[PDB]
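Trainee: Below is the file model-v9.cif, with mmCIF, N, CA and C atoms.
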```
data_query
loop_
_atom_site.group_PDB
_atom_site.id
_atom_site.type_symbol
_atom_site.label_atom_id
_atom_site.label_comp_id
_atom_site.auth_asym_id
_atom_site.auth_seq_id
_atom_site.Cartn_x
_atom_site.Cartn_y
_atom_site.Cartn_z
ATOM 1 N N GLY A 355 -6.033 9.125 -47.935
ATOM 2 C CA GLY A 355 -4.729 8.594 -48.287
ATOM 3 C C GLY A 355 -3.596 9.496 -47.841
ATOM 4 N N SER A 356 -3.457 9.667 -46.530
ATOM 5 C CA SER A 356 -2.409 10.516 -45.977
ATOM 6 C C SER A 356 -2.236 10.261 -44.482
ATOM 7 N N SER A 357 -1.092 9.692 -44.114
ATOM 8 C CA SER A 357 -0.803 9.390 -42.718
ATOM 9 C C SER A 357 0.357 10.239 -42.208
ATOM 10 N N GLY A 358 0.127 10.942 -41.103
ATOM 11 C CA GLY A 358 1.161 11.785 -40.531
ATOM 12 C C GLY A 358 0.689 13.207 -40.300
ATOM 13 N N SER A 359 0.289 13.504 -39.069
ATOM 14 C CA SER A 359 -0.193 14.836 -38.722
ATOM 15 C C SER A 359 0.112 15.161 -37.263
ATOM 16 N N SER A 360 0.281 16.447 -36.973
ATOM 17 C CA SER A 360 0.580 16.892 -35.616
ATOM 18 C C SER A 360 -0.659 17.483 -34.951
ATOM 19 N N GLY A 361 -0.734 17.355 -33.630
ATOM 20 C CA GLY A 361 -1.870 17.880 -32.897
ATOM 21 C C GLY A 361 -2.630 16.800 -32.153
ATOM 22 N N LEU A 362 -3.144 17.143 -30.977
ATOM 23 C CA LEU A 362 -3.895 16.194 -30.164
ATOM 24 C C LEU A 362 -4.966 16.907 -29.344
ATOM 25 N N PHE A 363 -6.213 16.479 -29.508
ATOM 26 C CA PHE A 363 -7.328 17.075 -28.783
ATOM 27 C C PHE A 363 -7.617 16.302 -27.499
ATOM 28 N N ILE A 364 -7.728 17.028 -26.391
ATOM 29 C CA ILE A 364 -8.003 16.412 -25.099
ATOM 30 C C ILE A 364 -9.326 16.909 -24.524
ATOM 31 N N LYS A 365 -10.055 16.011 -23.870
ATOM 32 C CA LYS A 365 -11.337 16.355 -23.269
ATOM 33 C C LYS A 365 -11.390 15.917 -21.809
ATOM 34 N N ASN A 366 -12.376 16.425 -21.078
ATOM 35 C CA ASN A 366 -12.538 16.085 -19.669
ATOM 36 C C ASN A 366 -11.313 16.506 -18.864
ATOM 37 N N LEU A 367 -10.871 17.741 -19.071
ATOM 38 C CA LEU A 367 -9.708 18.267 -18.364
ATOM 39 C C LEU A 367 -10.126 18.960 -17.071
ATOM 40 N N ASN A 368 -9.731 18.382 -15.941
ATOM 41 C CA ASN A 368 -10.063 18.945 -14.638
ATOM 42 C C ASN A 368 -9.666 20.417 -14.564
ATOM 43 N N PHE A 369 -10.644 21.275 -14.300
ATOM 44 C CA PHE A 369 -10.398 22.709 -14.202
ATOM 45 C C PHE A 369 -9.146 22.990 -13.375
ATOM 46 N N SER A 370 -8.885 22.131 -12.396
ATOM 47 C CA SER A 370 -7.722 22.289 -11.530
ATOM 48 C C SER A 370 -6.430 22.053 -12.307
ATOM 49 N N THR A 371 -6.441 21.038 -13.167
ATOM 50 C CA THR A 371 -5.272 20.705 -13.970
ATOM 51 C C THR A 371 -4.664 21.953 -14.602
ATOM 52 N N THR A 372 -3.343 21.954 -14.747
ATOM 53 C CA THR A 372 -2.640 23.086 -15.337
ATOM 54 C C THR A 372 -1.856 22.663 -16.573
ATOM 55 N N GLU A 373 -1.264 23.639 -17.254
ATOM 56 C CA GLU A 373 -0.483 23.365 -18.456
ATOM 57 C C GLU A 373 0.837 22.687 -18.104
ATOM 58 N N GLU A 374 1.439 23.113 -16.999
ATOM 59 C CA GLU A 374 2.708 22.547 -16.553
ATOM 60 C C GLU A 374 2.613 21.029 -16.432
ATOM 61 N N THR A 375 1.702 20.564 -15.582
ATOM 62 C CA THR A 375 1.513 19.135 -15.372
ATOM 63 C C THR A 375 1.263 18.414 -16.692
ATOM 64 N N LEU A 376 0.385 18.980 -17.513
ATOM 65 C CA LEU A 376 0.059 18.390 -18.807
ATOM 66 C C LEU A 376 1.320 18.147 -19.629
ATOM 67 N N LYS A 377 2.195 19.146 -19.671
ATOM 68 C CA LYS A 377 3.443 19.040 -20.418
ATOM 69 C C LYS A 377 4.301 17.897 -19.885
ATOM 70 N N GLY A 378 4.345 17.762 -18.563
ATOM 71 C CA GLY A 378 5.131 16.706 -17.951
ATOM 72 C C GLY A 378 4.657 15.324 -18.353
ATOM 73 N N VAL A 379 3.361 15.076 -18.195
ATOM 74 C CA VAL A 379 2.781 13.784 -18.543
ATOM 75 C C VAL A 379 2.990 13.469 -20.019
ATOM 76 N N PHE A 380 2.857 14.489 -20.861
ATOM 77 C CA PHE A 380 3.030 14.320 -22.300
ATOM 78 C C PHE A 380 4.509 14.357 -22.677
ATOM 79 N N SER A 381 5.321 14.947 -21.806
ATOM 80 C CA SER A 381 6.756 15.052 -22.049
ATOM 81 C C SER A 381 7.421 13.682 -21.974
ATOM 82 N N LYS A 382 6.702 12.711 -21.419
ATOM 83 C CA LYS A 382 7.221 11.355 -21.288
ATOM 84 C C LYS A 382 7.396 10.704 -22.656
ATOM 85 N N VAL A 383 6.427 10.923 -23.538
ATOM 86 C CA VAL A 383 6.475 10.360 -24.883
ATOM 87 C C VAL A 383 7.601 10.984 -25.700
ATOM 88 N N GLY A 384 7.665 12.313 -25.689
ATOM 89 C CA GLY A 384 8.697 13.011 -26.433
ATOM 90 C C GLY A 384 8.677 14.507 -26.189
ATOM 91 N N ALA A 385 9.464 15.243 -26.966
ATOM 92 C CA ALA A 385 9.532 16.692 -26.830
ATOM 93 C C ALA A 385 8.280 17.356 -27.390
ATOM 94 N N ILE A 386 7.602 18.133 -26.551
ATOM 95 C CA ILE A 386 6.387 18.825 -26.963
ATOM 96 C C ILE A 386 6.715 20.106 -27.722
ATOM 97 N N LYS A 387 6.088 20.277 -28.882
ATOM 98 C CA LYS A 387 6.309 21.460 -29.704
ATOM 99 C C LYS A 387 5.578 22.669 -29.128
ATOM 100 N N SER A 388 4.287 22.499 -28.855
ATOM 101 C CA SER A 388 3.475 23.576 -28.303
ATOM 102 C C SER A 388 2.229 23.021 -27.618
ATOM 103 N N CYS A 389 1.946 23.525 -26.422
ATOM 104 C CA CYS A 389 0.784 23.080 -25.661
ATOM 105 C C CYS A 389 -0.125 24.256 -25.319
ATOM 106 N N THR A 390 -1.403 24.129 -25.663
ATOM 107 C CA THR A 390 -2.374 25.182 -25.395
ATOM 108 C C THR A 390 -3.730 24.596 -25.018
ATOM 109 N N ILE A 391 -4.219 24.960 -23.838
ATOM 110 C CA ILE A 391 -5.507 24.471 -23.361
ATOM 111 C C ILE A 391 -6.599 25.520 -23.553
ATOM 112 N N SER A 392 -7.796 25.062 -23.903
ATOM 113 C CA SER A 392 -8.924 25.960 -24.118
ATOM 114 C C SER A 392 -9.251 26.737 -22.847
ATOM 115 N N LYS A 393 -8.651 27.914 -22.709
ATOM 116 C CA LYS A 393 -8.877 28.757 -21.541
ATOM 117 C C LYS A 393 -9.414 30.124 -21.953
ATOM 118 N N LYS A 394 -10.432 30.595 -21.240
ATOM 119 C CA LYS A 394 -11.035 31.890 -21.528
ATOM 120 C C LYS A 394 -11.028 32.781 -20.290
ATOM 121 N N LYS A 395 -11.310 34.064 -20.489
ATOM 122 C CA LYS A 395 -11.339 35.021 -19.389
ATOM 123 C C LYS A 395 -12.689 34.992 -18.678
ATOM 124 N N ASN A 396 -12.708 34.422 -17.477
ATOM 125 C CA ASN A 396 -13.935 34.331 -16.695
ATOM 126 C C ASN A 396 -14.165 35.609 -15.894
ATOM 127 N N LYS A 397 -15.266 35.645 -15.152
ATOM 128 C CA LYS A 397 -15.603 36.807 -14.338
ATOM 129 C C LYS A 397 -14.356 37.393 -13.683
ATOM 130 N N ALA A 398 -13.561 36.531 -13.058
ATOM 131 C CA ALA A 398 -12.337 36.963 -12.395
ATOM 132 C C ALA A 398 -11.310 37.460 -13.408
ATOM 133 N N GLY A 399 -11.318 36.859 -14.594
ATOM 134 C CA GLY A 399 -10.382 37.253 -15.631
ATOM 135 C C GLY A 399 -9.122 36.410 -15.627
ATOM 136 N N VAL A 400 -9.216 35.212 -15.059
ATOM 137 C CA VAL A 400 -8.075 34.307 -14.991
ATOM 138 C C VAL A 400 -8.168 33.225 -16.060
ATOM 139 N N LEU A 401 -7.022 32.856 -16.621
ATOM 140 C CA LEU A 401 -6.972 31.830 -17.658
ATOM 141 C C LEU A 401 -7.225 30.447 -17.067
ATOM 142 N N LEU A 402 -8.455 29.965 -17.207
ATOM 143 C CA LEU A 402 -8.827 28.653 -16.688
ATOM 144 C C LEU A 402 -9.270 27.727 -17.817
ATOM 145 N N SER A 403 -8.877 26.461 -17.725
ATOM 146 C CA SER A 403 -9.232 25.476 -18.740
ATOM 147 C C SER A 403 -10.746 25.371 -18.888
ATOM 148 N N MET A 404 -11.187 24.786 -19.997
ATOM 149 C CA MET A 404 -12.612 24.622 -20.260
ATOM 150 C C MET A 404 -12.983 23.144 -20.335
ATOM 151 N N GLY A 405 -12.097 22.288 -19.837
ATOM 152 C CA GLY A 405 -12.350 20.860 -19.859
ATOM 153 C C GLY A 405 -11.744 20.182 -21.071
ATOM 154 N N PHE A 406 -11.021 20.951 -21.878
ATOM 155 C CA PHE A 406 -10.387 20.418 -23.079
ATOM 156 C C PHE A 406 -9.226 21.305 -23.520
ATOM 157 N N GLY A 407 -8.298 20.721 -24.272
ATOM 158 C CA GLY A 407 -7.149 21.471 -24.747
ATOM 159 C C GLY A 407 -6.572 20.900 -26.027
ATOM 160 N N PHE A 408 -5.434 21.437 -26.452
ATOM 161 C CA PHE A 408 -4.779 20.977 -27.672
ATOM 162 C C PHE A 408 -3.272 20.857 -27.468
ATOM 163 N N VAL A 409 -2.752 19.645 -27.634
ATOM 164 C CA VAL A 409 -1.326 19.395 -27.470
ATOM 165 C C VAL A 409 -0.652 19.153 -28.816
ATOM 166 N N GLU A 410 0.536 19.726 -28.989
ATOM 167 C CA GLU A 410 1.283 19.571 -30.231
ATOM 168 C C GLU A 410 2.621 18.882 -29.979
ATOM 169 N N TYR A 411 3.106 18.159 -30.982
ATOM 170 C CA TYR A 411 4.373 17.447 -30.868
ATOM 171 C C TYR A 411 5.344 17.886 -31.960
ATOM 172 N N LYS A 412 6.622 17.582 -31.763
ATOM 173 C CA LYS A 412 7.653 17.942 -32.730
ATOM 174 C C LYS A 412 7.529 17.102 -33.997
ATOM 175 N N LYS A 413 7.048 15.873 -33.841
ATOM 176 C CA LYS A 413 6.877 14.969 -34.972
ATOM 177 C C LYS A 413 5.574 14.186 -34.851
ATOM 178 N N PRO A 414 4.920 13.941 -35.995
ATOM 179 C CA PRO A 414 3.656 13.199 -36.043
ATOM 180 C C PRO A 414 3.701 11.924 -35.208
ATOM 181 N N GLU A 415 4.817 11.207 -35.291
ATOM 182 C CA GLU A 415 4.984 9.967 -34.542
ATOM 183 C C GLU A 415 4.672 10.178 -33.063
ATOM 184 N N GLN A 416 5.510 10.963 -32.393
ATOM 185 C CA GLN A 416 5.323 11.244 -30.975
ATOM 186 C C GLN A 416 3.843 11.397 -30.640
ATOM 187 N N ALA A 417 3.141 12.199 -31.434
ATOM 188 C CA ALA A 417 1.716 12.427 -31.222
ATOM 189 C C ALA A 417 0.922 11.137 -31.392
ATOM 190 N N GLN A 418 1.301 10.341 -32.387
ATOM 191 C CA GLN A 418 0.621 9.079 -32.656
ATOM 192 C C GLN A 418 0.722 8.141 -31.457
ATOM 193 N N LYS A 419 1.844 8.212 -30.750
ATOM 194 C CA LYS A 419 2.065 7.370 -29.580
ATOM 195 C C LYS A 419 1.329 7.923 -28.364
ATOM 196 N N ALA A 420 1.671 9.147 -27.977
ATOM 197 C CA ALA A 420 1.040 9.790 -26.832
ATOM 198 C C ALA A 420 -0.480 9.718 -26.930
ATOM 199 N N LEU A 421 -0.984 9.588 -28.153
ATOM 200 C CA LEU A 421 -2.423 9.508 -28.384
ATOM 201 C C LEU A 421 -3.062 8.465 -27.474
ATOM 202 N N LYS A 422 -2.724 7.200 -27.702
ATOM 203 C CA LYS A 422 -3.263 6.107 -26.902
ATOM 204 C C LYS A 422 -2.360 5.810 -25.708
ATOM 205 N N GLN A 423 -1.054 5.955 -25.909
ATOM 206 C CA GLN A 423 -0.085 5.703 -24.848
ATOM 207 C C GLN A 423 -0.479 6.433 -23.569
ATOM 208 N N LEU A 424 -0.905 7.683 -23.713
ATOM 209 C CA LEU A 424 -1.311 8.490 -22.568
ATOM 210 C C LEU A 424 -2.775 8.241 -22.218
ATOM 211 N N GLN A 425 -3.517 7.680 -23.167
ATOM 212 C CA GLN A 425 -4.931 7.389 -22.957
ATOM 213 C C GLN A 425 -5.117 6.385 -21.825
ATOM 214 N N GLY A 426 -6.168 6.582 -21.033
ATOM 215 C CA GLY A 426 -6.439 5.686 -19.924
ATOM 216 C C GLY A 426 -5.731 6.107 -18.652
ATOM 217 N N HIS A 427 -4.707 6.944 -18.795
ATOM 218 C CA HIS A 427 -3.944 7.422 -17.648
ATOM 219 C C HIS A 427 -4.853 8.131 -16.649
ATOM 220 N N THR A 428 -4.871 7.635 -15.416
ATOM 221 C CA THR A 428 -5.698 8.219 -14.368
ATOM 222 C C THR A 428 -5.151 9.572 -13.926
ATOM 223 N N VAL A 429 -5.706 10.642 -14.485
ATOM 224 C CA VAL A 429 -5.275 11.992 -14.147
ATOM 225 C C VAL A 429 -6.321 12.707 -13.297
ATOM 226 N N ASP A 430 -5.907 13.162 -12.119
ATOM 227 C CA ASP A 430 -6.807 13.865 -11.213
ATOM 228 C C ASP A 430 -7.996 12.985 -10.838
ATOM 229 N N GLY A 431 -7.780 11.673 -10.841
ATOM 230 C CA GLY A 431 -8.842 10.745 -10.501
ATOM 231 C C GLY A 431 -9.837 10.565 -11.630
ATOM 232 N N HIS A 432 -9.655 11.324 -12.705
ATOM 233 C CA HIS A 432 -10.545 11.245 -13.858
ATOM 234 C C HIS A 432 -9.761 10.943 -15.131
ATOM 235 N N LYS A 433 -10.403 10.248 -16.065
ATOM 236 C CA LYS A 433 -9.767 9.893 -17.327
ATOM 237 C C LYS A 433 -10.021 10.963 -18.384
ATOM 238 N N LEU A 434 -8.999 11.256 -19.180
ATOM 239 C CA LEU A 434 -9.113 12.260 -20.233
ATOM 240 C C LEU A 434 -9.388 11.605 -21.582
ATOM 241 N N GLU A 435 -10.013 12.358 -22.483
ATOM 242 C CA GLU A 435 -10.334 11.850 -23.812
ATOM 243 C C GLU A 435 -9.384 12.425 -24.858
ATOM 244 N N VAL A 436 -8.426 11.612 -25.291
ATOM 245 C CA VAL A 436 -7.454 12.039 -26.290
ATOM 246 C C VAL A 436 -7.898 11.644 -27.694
ATOM 247 N N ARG A 437 -7.820 12.591 -28.622
ATOM 248 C CA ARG A 437 -8.216 12.342 -30.003
ATOM 249 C C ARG A 437 -7.251 13.015 -30.974
ATOM 250 N N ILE A 438 -7.126 12.444 -32.168
ATOM 251 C CA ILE A 438 -6.237 12.988 -33.186
ATOM 252 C C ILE A 438 -6.787 14.291 -33.756
ATOM 253 N N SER A 439 -6.313 15.411 -33.221
ATOM 254 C CA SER A 439 -6.757 16.724 -33.674
ATOM 255 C C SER A 439 -6.884 16.759 -35.194
ATOM 256 N N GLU A 440 -7.739 17.648 -35.690
ATOM 257 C CA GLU A 440 -7.953 17.783 -37.127
ATOM 258 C C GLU A 440 -8.713 16.581 -37.678
ATOM 259 N N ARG A 441 -9.560 15.989 -36.841
ATOM 260 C CA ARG A 441 -10.347 14.829 -37.243
ATOM 261 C C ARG A 441 -11.682 15.259 -37.843
ATOM 262 N N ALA A 442 -12.020 14.686 -38.994
ATOM 263 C CA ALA A 442 -13.270 15.008 -39.670
ATOM 264 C C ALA A 442 -14.438 15.012 -38.691
ATOM 265 N N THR A 443 -14.589 13.916 -37.954
ATOM 266 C CA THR A 443 -15.668 13.791 -36.982
ATOM 267 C C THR A 443 -15.572 14.873 -35.912
ATOM 268 N N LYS A 444 -16.657 15.620 -35.734
ATOM 269 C CA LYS A 444 -16.697 16.687 -34.742
ATOM 270 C C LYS A 444 -17.140 16.151 -33.384
ATOM 271 N N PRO A 445 -16.567 16.714 -32.310
ATOM 272 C CA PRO A 445 -16.889 16.309 -30.938
ATOM 273 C C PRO A 445 -18.297 16.724 -30.527
ATOM 274 N N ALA A 446 -19.052 15.778 -29.977
ATOM 275 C CA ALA A 446 -20.415 16.047 -29.539
ATOM 276 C C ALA A 446 -20.463 16.337 -28.042
ATOM 277 N N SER A 447 -20.446 17.618 -27.691
ATOM 278 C CA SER A 447 -20.483 18.029 -26.293
ATOM 279 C C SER A 447 -21.922 18.195 -25.812
ATOM 280 N N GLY A 448 -22.356 17.292 -24.939
ATOM 281 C CA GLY A 448 -23.710 17.355 -24.418
ATOM 282 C C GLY A 448 -23.843 18.336 -23.269
ATOM 283 N N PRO A 449 -25.092 18.648 -22.895
ATOM 284 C CA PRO A 449 -25.381 19.582 -21.802
ATOM 285 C C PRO A 449 -25.011 19.009 -20.437
ATOM 286 N N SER A 450 -25.229 19.799 -19.391
ATOM 287 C CA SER A 450 -24.915 19.371 -18.033
ATOM 288 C C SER A 450 -26.115 19.570 -17.110
ATOM 289 N N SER A 451 -26.648 20.787 -17.099
ATOM 290 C CA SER A 451 -27.796 21.112 -16.258
ATOM 291 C C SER A 451 -29.094 20.632 -16.901
ATOM 292 N N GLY A 452 -30.167 20.622 -16.118
ATOM 293 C CA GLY A 452 -31.453 20.185 -16.627
ATOM 294 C C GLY A 452 -32.295 19.502 -15.566
#
```
Starting from the coordinates I provided, produce the structure as structure tokens.

Mentor:
Amino acid sequence: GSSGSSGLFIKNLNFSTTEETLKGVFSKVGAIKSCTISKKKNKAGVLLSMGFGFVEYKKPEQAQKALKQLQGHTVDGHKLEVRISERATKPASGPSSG
């Protein structure tokens, strides 16, 4: 019984994709409060995405819109998975090699 929260979880983020571009695409809906993509220090030591990130908005609404509004958008030839951050259901990340 509570509607209204900030934050957005993204998946399938092309390693090539950057924070700048992400802000632009999301900047269409409204003013972004804070954007941070899951990036770690690799062998080289460069901040590279991990295929997912977290976008924040100034108001719950904006996030509620950009959620699906941005969903389906063909980015880098691949579609991203947008979800309402802070969701009870945990993301099931399957393996790749095998």

Trainee: Could you pull out every residue with an atom within 8 Å of (-12.2, 21.2, -25.6), file coordinates, counting only C-alpha atoms, and send them as an MDAnalysis selection string?

Mentor: chainID A and resid 363:366 391:392 404:408

Trainee: Could you work out how far atom CA of residue A:446 lies from atom CA of residue A:423, giving the answer in Å with one decimal?

Mentor: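 Distance reported for this atom pair: 23.3 Å.
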
Trainee: With only C-alpha atoms as the counted atoms, please give the residues lying no more than 10 Å from residue A:371, apart from itself and same-chain residues fewer than 5 positions off, as a list in words.

Mentor: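 Those residues are residues 376, 402, 403, 405, 429 and 430 of chain A.
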
Trainee: Identify, on the basis of only C-alpha atoms, every residue whose closest approach to residue A:359 does not exceed 9 Å; exclude the query and any residue fewer than 5 positions from it along the same chain; express the result as a list in words.

Mentor: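 Close residues of residue A:359: residues 413, 414, 415, 417, 418, 438, 439 and 440 of chain A.
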
Trainee: Please return the centre and edge lengths, in Å to one decimal, of a box with edges along x, y and z that contains all listed atoms of stretch 385-398 of chain A, widened by 4 Å on every side, as JSON.

Mentor:
```
{"center_x": -3.0, "center_y": 26.4, "center_z": -21.0, "size_x": 33.1, "size_y": 30.2, "size_z": 25.3}
```

Trainee: According to DSSP computed on the backbone, where in stretch 370-437 of chain A is there alpha helix (DSSP H)? Give the residues as a PyMOL selection string.

Mentor: chain A and resi 373-381+414-423

Trainee: Once the PyMOL selection byres (((chain A and resi 424 and name CA) around 12) and name CA) has been applied to the shown file, what residues remain in the selection, as a ChimeraX atom specification?

Mentor: /A:362,364,376-384,409,416-423,425-429,433-437

Trainee: Report, in Å with one decimal, the straight-line distance from atom CA of residue A:443 to atom CA of residue A:357.

Mentor: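 That distance, rounded to one decimal, is 16.5 Å.
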
Trainee: How far is it from atom CA of residue A:356 to atom CA of residue A:442, in Å with one decimal?

Mentor: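 Distance reported for this atom pair: 13.3 Å.
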
Trainee: Please determine, counting only N, CA and C atoms, which residue among A:432, A:441, A:399, A:447 has the shortest atom-to-atom distance to residue A:367.

Mentor: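 Checking each of A:432, A:441, A:399, A:447 against residue A:367, counting only N, CA and C atoms, the winner is A:432.
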
Trainee: Using DSSP on the backbone, list every residue of chain A that comes out as strand (DSSP E or B), and give them as a ChimeraX atom specification.

Mentor: /A:362-365,386-395,401-411,428-429,432-433,435-437

Trainee: Quick one: of A:397, A:410, A:445, A:372, who's nearest to residue A:385, counting only N, CA and C atoms?

Mentor: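 Of all the options, A:410 lies closest to residue A:385.
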
Trainee: Using all atoms listed in the file, which of A:451, A:355, A:360, A:373 sits nearest residue A:390?

Mentor: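 For residue A:390, the nearest of the given residues is A:373.
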
Trainee: Please fill the gaps in stretch 434-451 of chain A so it has N, CA, C and O atoms, and write that as a PDB file, in the coordinates of the input.

Mentor:
```pdb
ATOM      1  N   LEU A 434      -8.999  11.256 -19.180  1.00  0.00           N
ATOM      2  CA  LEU A 434      -9.113  12.260 -20.233  1.00  0.00           C
ATOM      3  C   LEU A 434      -9.388  11.605 -21.582  1.00  0.00           C
ATOM      4  O   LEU A 434      -9.042  10.445 -21.802  1.00  0.00           O
ATOM      5  N   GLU A 435     -10.013  12.358 -22.483  1.00  0.00           N
ATOM      6  CA  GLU A 435     -10.334  11.850 -23.812  1.00  0.00           C
ATOM      7  C   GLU A 435      -9.384  12.425 -24.858  1.00  0.00           C
ATOM      8  O   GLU A 435      -9.515  13.580 -25.264  1.00  0.00           O
ATOM      9  N   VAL A 436      -8.426  11.612 -25.291  1.00  0.00           N
ATOM     10  CA  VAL A 436      -7.454  12.039 -26.290  1.00  0.00           C
ATOM     11  C   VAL A 436      -7.898  11.644 -27.694  1.00  0.00           C
ATOM     12  O   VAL A 436      -8.302  10.505 -27.930  1.00  0.00           O
ATOM     13  N   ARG A 437      -7.820  12.591 -28.622  1.00  0.00           N
ATOM     14  CA  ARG A 437      -8.216  12.342 -30.003  1.00  0.00           C
ATOM     15  C   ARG A 437      -7.251  13.015 -30.974  1.00  0.00           C
ATOM     16  O   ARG A 437      -6.633  14.029 -30.648  1.00  0.00           O
ATOM     17  N   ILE A 438      -7.126  12.444 -32.168  1.00  0.00           N
ATOM     18  CA  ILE A 438      -6.237  12.988 -33.186  1.00  0.00           C
ATOM     19  C   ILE A 438      -6.787  14.291 -33.756  1.00  0.00           C
ATOM     20  O   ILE A 438      -7.621  14.282 -34.660  1.00  0.00           O
ATOM     21  N   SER A 439      -6.313  15.411 -33.221  1.00  0.00           N
ATOM     22  CA  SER A 439      -6.757  16.724 -33.674  1.00  0.00           C
ATOM     23  C   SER A 439      -6.884  16.759 -35.194  1.00  0.00           C
ATOM     24  O   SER A 439      -6.223  15.998 -35.900  1.00  0.00           O
ATOM     25  N   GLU A 440      -7.739  17.648 -35.690  1.00  0.00           N
ATOM     26  CA  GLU A 440      -7.953  17.783 -37.127  1.00  0.00           C
ATOM     27  C   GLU A 440      -8.713  16.581 -37.678  1.00  0.00           C
ATOM     28  O   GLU A 440      -8.535  16.197 -38.834  1.00  0.00           O
ATOM     29  N   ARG A 441      -9.560  15.989 -36.841  1.00  0.00           N
ATOM     30  CA  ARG A 441     -10.347  14.829 -37.243  1.00  0.00           C
ATOM     31  C   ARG A 441     -11.682  15.259 -37.843  1.00  0.00           C
ATOM     32  O   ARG A 441     -12.389  16.092 -37.277  1.00  0.00           O
ATOM     33  N   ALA A 442     -12.020  14.686 -38.994  1.00  0.00           N
ATOM     34  CA  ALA A 442     -13.270  15.008 -39.670  1.00  0.00           C
ATOM     35  C   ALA A 442     -14.438  15.012 -38.691  1.00  0.00           C
ATOM     36  O   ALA A 442     -15.190  15.985 -38.605  1.00  0.00           O
ATOM     37  N   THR A 443     -14.589  13.916 -37.954  1.00  0.00           N
ATOM     38  CA  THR A 443     -15.668  13.791 -36.982  1.00  0.00           C
ATOM     39  C   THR A 443     -15.572  14.873 -35.912  1.00  0.00           C
ATOM     40  O   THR A 443     -14.539  15.028 -35.261  1.00  0.00           O
ATOM     41  N   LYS A 444     -16.657  15.620 -35.734  1.00  0.00           N
ATOM     42  CA  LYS A 444     -16.697  16.687 -34.742  1.00  0.00           C
ATOM     43  C   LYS A 444     -17.140  16.151 -33.384  1.00  0.00           C
ATOM     44  O   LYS A 444     -17.977  15.253 -33.287  1.00  0.00           O
ATOM     45  N   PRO A 445     -16.567  16.714 -32.310  1.00  0.00           N
ATOM     46  CA  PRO A 445     -16.889  16.309 -30.938  1.00  0.00           C
ATOM     47  C   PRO A 445     -18.297  16.724 -30.527  1.00  0.00           C
ATOM     48  O   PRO A 445     -18.691  17.877 -30.703  1.00  0.00           O
ATOM     49  N   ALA A 446     -19.052  15.778 -29.977  1.00  0.00           N
ATOM     50  CA  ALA A 446     -20.415  16.047 -29.539  1.00  0.00           C
ATOM     51  C   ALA A 446     -20.463  16.337 -28.042  1.00  0.00           C
ATOM     52  O   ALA A 446     -20.514  15.419 -27.224  1.00  0.00           O
ATOM     53  N   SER A 447     -20.446  17.618 -27.691  1.00  0.00           N
ATOM     54  CA  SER A 447     -20.483  18.029 -26.293  1.00  0.00           C
ATOM     55  C   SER A 447     -21.922  18.195 -25.812  1.00  0.00           C
ATOM     56  O   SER A 447     -22.623  19.119 -26.225  1.00  0.00           O
ATOM     57  N   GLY A 448     -22.356  17.292 -24.939  1.00  0.00           N
ATOM     58  CA  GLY A 448     -23.710  17.355 -24.418  1.00  0.00           C
ATOM     59  C   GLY A 448     -23.843  18.336 -23.269  1.00  0.00           C
ATOM     60  O   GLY A 448     -22.852  18.815 -22.716  1.00  0.00           O
ATOM     61  N   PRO A 449     -25.092  18.648 -22.895  1.00  0.00           N
ATOM     62  CA  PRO A 449     -25.381  19.582 -21.802  1.00  0.00           C
ATOM     63  C   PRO A 449     -25.011  19.009 -20.437  1.00  0.00           C
ATOM     64  O   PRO A 449     -24.539  17.877 -20.336  1.00  0.00           O
ATOM     65  N   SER A 450     -25.229  19.799 -19.391  1.00  0.00           N
ATOM     66  CA  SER A 450     -24.915  19.371 -18.033  1.00  0.00           C
ATOM     67  C   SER A 450     -26.115  19.570 -17.110  1.00  0.00           C
ATOM     68  O   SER A 450     -26.544  18.644 -16.424  1.00  0.00           O
ATOM     69  N   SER A 451     -26.648  20.787 -17.099  1.00  0.00           N
ATOM     70  CA  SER A 451     -27.796  21.112 -16.258  1.00  0.00           C
ATOM     71  C   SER A 451     -29.094  20.632 -16.901  1.00  0.00           C
ATOM     72  O   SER A 451     -29.122  20.279 -18.080  1.00  0.00           O
TER      73      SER A 451
END
```
